[PDB]
Each structure stands twice: as C-alpha cells, then as structure tokens.
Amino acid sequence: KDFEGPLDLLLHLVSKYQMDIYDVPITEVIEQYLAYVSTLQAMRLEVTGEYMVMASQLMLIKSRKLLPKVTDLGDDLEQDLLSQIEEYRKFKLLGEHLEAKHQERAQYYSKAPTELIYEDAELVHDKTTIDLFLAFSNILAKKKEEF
C-alpha cells in the first residue's frame, strides 16, 4: 500500500498488459482500481487521501462511456487519463536515471572550503537581517527534514 500517488498505481496496473502504451485495455483497468479502492477500504480506510479524488474521475469515465455517440467528452475524459499515466511513467523513469547519475557524483568526496583569515581584509556589509534569517532557518530545514 506504499505507492507514490494514484498515477503511480495506474502505471502498475496498466503495466500488466505489457504490449504498447494503452491499446484499449482501459475499461478493464478501471475496474481493477476501484477493486483495491473498495475491498481495501472495507477494513482499512486510512491512507485514502488523494486516491479518493481519483476514484471520482473514473466514475464519470465508466459512466459517460456508456452513453452512445451524441468533440466528445465521454472519450477526452479518458484519453487524458492515459496521457497522465504516460507522462508520469516518463518521469518515474527519468527519475531513476537521475538517482543513477547522482550516484556516480556521490562517489567523490571533498573538504569544506578552508575559511581563510587576513588582517587587511575588511568586511562587506552585503548581508542583512533577512539573510541571517533564511540562514539559520535553512540549517533547521535540511536536518529536521530527515531521520
């Protein structure tokens, strides 16, 4: 139950069908989603949060797809859910290629810049109360946002 959002879950389901990107396996996939939405919420309905708002977008799709051919919305409100999952994959992947390119960089270590001190050197008042603020604030963030 630890997936990075709804779009992330779709990429898992949409995955299964291998083949190309979509290829009309929608009507099917949609069901699978609600499945985990209702069955898993039968007992533990605590981390729904955002996913919920997604359940909604699907409802309309399943529904509005029933009605016959009256710029069709029964469709656009489908092809768009596809584009969303695709573009998400693209970044879910580009994401990995960064955590990989980073690793190489992380193999190298260096030293904190030696704080030189010279007599003649005079102070430049280019810093202000705002600076000193974000400064201490940051250090607070960095570490605190971690365990």
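Numbering starts at 1 and runs along the sequence shown.
Student: How big is the unmodelled gap, if any, between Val70 and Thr71 relative to the deposited sequence? Choose none, 1 to 3, 4 to 9, or 10 or more.
Tutor: Missing in between: 1 to 3 residues.
Student: Looking at the deposited entry, does 23-31 or 114-122 carry the larger mean Cα B-factor?
Tutor: That would be 23-31.
Student: When the Cα temperature factors in the entry are averaged, is it 74-82 or 41-49 that ends up higher?
Tutor: It is 41-49 that shows the higher mean C-alpha B-factor.
Student: Highest CA temperature factor in the entry: which of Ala106, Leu93, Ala100, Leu58?
Tutor: So the option with the highest C-alpha B-factor is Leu58.
Student: Can you tell me which third, lowest, middle or highest, the CA B-factor of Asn138 falls into for its chain?
Tutor: CA B-factor rank for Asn138: lowest third.
Student: So where's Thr129 on the chain's Cα temperature factor ranking, which third?
Tutor: Bottom third by C-alpha B-factor.
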